[PDB]
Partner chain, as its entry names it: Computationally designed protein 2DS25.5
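Presented as structure tokens, the chain that follows is alone, the form solved without the partner chain.
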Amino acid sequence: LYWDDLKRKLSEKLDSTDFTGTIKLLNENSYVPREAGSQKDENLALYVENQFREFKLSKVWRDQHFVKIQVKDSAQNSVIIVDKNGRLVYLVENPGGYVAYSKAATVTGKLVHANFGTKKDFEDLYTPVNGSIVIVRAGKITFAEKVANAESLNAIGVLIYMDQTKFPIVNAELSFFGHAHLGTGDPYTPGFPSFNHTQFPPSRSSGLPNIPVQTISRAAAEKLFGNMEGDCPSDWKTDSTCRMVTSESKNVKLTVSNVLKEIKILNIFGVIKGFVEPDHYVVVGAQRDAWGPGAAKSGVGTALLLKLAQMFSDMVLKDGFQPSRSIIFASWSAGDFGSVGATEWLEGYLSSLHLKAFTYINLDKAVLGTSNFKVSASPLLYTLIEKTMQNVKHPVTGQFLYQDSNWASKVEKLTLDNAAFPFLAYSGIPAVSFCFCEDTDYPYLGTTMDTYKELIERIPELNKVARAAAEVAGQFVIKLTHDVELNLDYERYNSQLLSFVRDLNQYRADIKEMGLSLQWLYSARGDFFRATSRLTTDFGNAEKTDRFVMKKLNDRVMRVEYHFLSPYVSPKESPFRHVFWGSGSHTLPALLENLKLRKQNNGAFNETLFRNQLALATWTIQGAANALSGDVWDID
């Protein structure tokens, strides 16, 4: 069968599959709420596993992890206003929700607003935060980052609220959940799997905060603002009731209590084995767990997982679809605590995944609205994405998704809370995440109002929209597994390299003052460019029929993402080793961060660090070009 045949069969299955019904079913009482490792999470895990069996997939299996999670306990979580002596003035709130991995502690101090708690928000404040409590609005960055930023400026605790403007919620009393681990995975098995075989040694993640953090209602936030002075910058665009700093006599005391529980979590898997190279595979993944009912958070994605696995199984069993490479379907737990189930799988089976898993597709929050189609991914996937948007139609308008020629230059990189992030940044598996989306965040995420009722009321076209999410991901699967080319565009890294060199070129004076040079970086970027041209030439001249020469060429494509994983750092201590998309002092952004500080001239710049960064970034790029180029003896 040809691409056209497979596209139509998919279109058909799609036309008949019932998306809203699947989502409605996942919102039933047996599955709600479904905090990771809870009875109801387990119930949904068994459902999903049993469905996979019914679909008659090549193989259905499960992994079990025991992970440590700090959760709300029976004691008081409270924020109260306190006169300058400690005497109660007013209880503000006993919040319903919590922030996992918060420090358990009670702290008292001034309250200072820091907008979203970005580094620049902190830079631009007139009020100093040293020794005071911070209040920040949800949005823009993760809770974990908000807290880390605050803690780095010696703040003593954090409050998070949803402002009316950015989050138009009628009910002002609404609670909400999240976590503050600056990381993914079980914080207590950093860089290795949460399996009994490890016997759980003492080991703690650098990403754990050391101050307390708590979510509060808008009601609560307003009560606090009524004890505070200073108009919030209008460029914050928050509500009028916003204020910046506690009045002179007034403190606030934050008390949070939690307990560290060992929790059993389940990842549920099926595979459709490939027909030619079954040992290579794509992975398709969705978070199953959530605080609250999690219709948008987890149900939409889980529904897509199910229907995709079903349709693909029909296509193979009935319409003669023969993918050359395999397809794994993964239903993850403890996504709500930082992609924990996914991360532990990656850490557990890295040796099995290496150069075998060649792409990951995430399904979480694929439907939040209908206005925009937004995507984040490895550059390796951009072309596939482009082709898919040019032939898939918007569910509301009837028009193709590809409206914007320059879309690729506006893509934001995967962030810490997206489960695709570890796939790319840690294991170096090209990954993609995508959504139908508004300009607003979907406001019920992490709340008890994330229900089917709310979702369909807000998105009446849900079924058509979900159908369109499914078609995007299904086309990815087919293009990725069916052909004898991979649809991984290595040439996309040339413009990433240009961007990097261009940014660095701004600091040529600093380089010159240090007696350093950009020649070798320039030269390595040229080597990478030439290596991609040769490879594309080899593809053009290949006997497509000839499976050996096609395997040789394709295996070179399958090493590209990997070779951007820094080989110089400890994967245990710095797991996001990808020099482009990862985190830490080995990345390319970090190198610029440091060098920028030289103009600042504050003794913030670390020259020894920067010299080592430049060396290793240079060689990582050069080494990638060299390897892409062919055999050792053929390098110039």
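Numbering follows the first chain given and starts at 1.
S.K.: May I ask you to compare 482 to 490 and 122 to 130 by their mean CA B factor in the entry and name the higher one?
M.R.: Looking at the recorded C-alpha B-factors, 122 to 130 comes out higher on average.
S.K.: Look up the CA B-factors in the entry and say which stretch, 366 to 374 or 350 to 358, has the higher mean.
M.R.: Between 350 to 358 and 366 to 374, it is 366 to 374.
S.K.: Determine which member of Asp279, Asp336, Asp73, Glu229 has the highest CA B-factor, using the values in the deposited entry.
M.R.: Answer for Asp279, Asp336, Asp73, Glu229: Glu229, with the highest C-alpha B-factor.
S.K.: Out of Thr620, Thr22, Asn626, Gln613, whose C-alpha atom has the biggest B factor in the entry?
M.R.: Of the options given, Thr22 has the highest CA B-factor in the PDB entry.
S.K.: Should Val67 be placed in the lowest, middle or highest third of its chain by the C-alpha B factor in the entry?
M.R.: Answer is middle: the recorded C-alpha B-factor places it there.
S.K.: Looking at the entry's B-factor column for C-alpha atoms only, identify whether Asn602 ranks in the lowest, middle or highest third of its chain.
M.R.: Within its chain, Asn602 is a highest-third residue by C-alpha B-factor, going by the deposited values.
S.K.: Which third, lowest, middle or highest, does the C-alpha temperature factor of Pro430 belong to within its own chain?
M.R.: Bottom third by C-alpha B-factor.
S.K.: By its CA B factor, does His197 count among the lowest, middle or highest third of the modelled residues in the chain?
M.R.: It belongs to the lowest third of the chain when residues are ordered by C-alpha B-factor.
S.K.: Would you mind checking where the Cα B-factor of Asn27 ranks among the modelled residues of its chain, as the lowest, middle or highest third?
M.R.: Within its chain, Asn27 is a highest-third residue by C-alpha B-factor, going by the deposited values.
Note that the form deposited with the partner chain bound isn't included here; everything after this is about it.
S.K.: Do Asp83 and the partner chain share at least one heavy atom pair within 4.5 Å in the bound PDB entry?
M.R.: Output for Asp83 is yes: heavy atoms within 4.5 Å of the partner chain.
S.K.: Can you tell me whether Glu461 touches the partner chain? I mean in the bound PDB entry, with a 4.5 angstroms heavy atom cut-off.
M.R.: The answer is no: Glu461 has no heavy atom within 4.5 Å of the partner chain.
S.K.: Please determine whether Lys318 contacts the partner chain in the bound PDB entry, using a 4.5 Å cut-off between heavy atoms.
M.R.: Result no; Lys318 lies far from the partner chain in the bound PDB entry.
S.K.: Although the partner chain is absent from this view, report whether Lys120 comes within 4.5 Å of it in the bound PDB entry, heavy atoms only.
M.R.: Flag for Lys120 set to no.
S.K.: Hey, with the partner chain in the bound PDB entry, do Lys374, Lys393 and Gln475 all fall inside the 4.5 Å heavy atom range?
M.R.: Answer is no for this spot.
S.K.: Note which of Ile456, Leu91, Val411, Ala104 lies within 4.5 Å of the partner chain in the bound PDB entry, where distance is taken over heavy atoms; exactly one does.
M.R.: Going through each option in turn, the one that passes is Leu91.
S.K.: Could you check which residue among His482, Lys365, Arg243, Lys253 gets a heavy atom within 4.5 Å of the partner chain in the bound PDB entry?
M.R.: Selected option: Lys253.
S.K.: Quick one: which of 253 to 261, 299 to 307, 366 to 374, 462 to 470 gets within 4.5 Å of the partner chain in the bound PDB entry, going by heavy atoms?
M.R.: In the other structure, the partner sits against 253 to 261.
S.K.: What residues of 153 to 183, in sequence order, lie within 4.5 Å of the partner chain in the bound PDB entry by heavy atom?
M.R.: Sequence-ordered list has one entry, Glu173.
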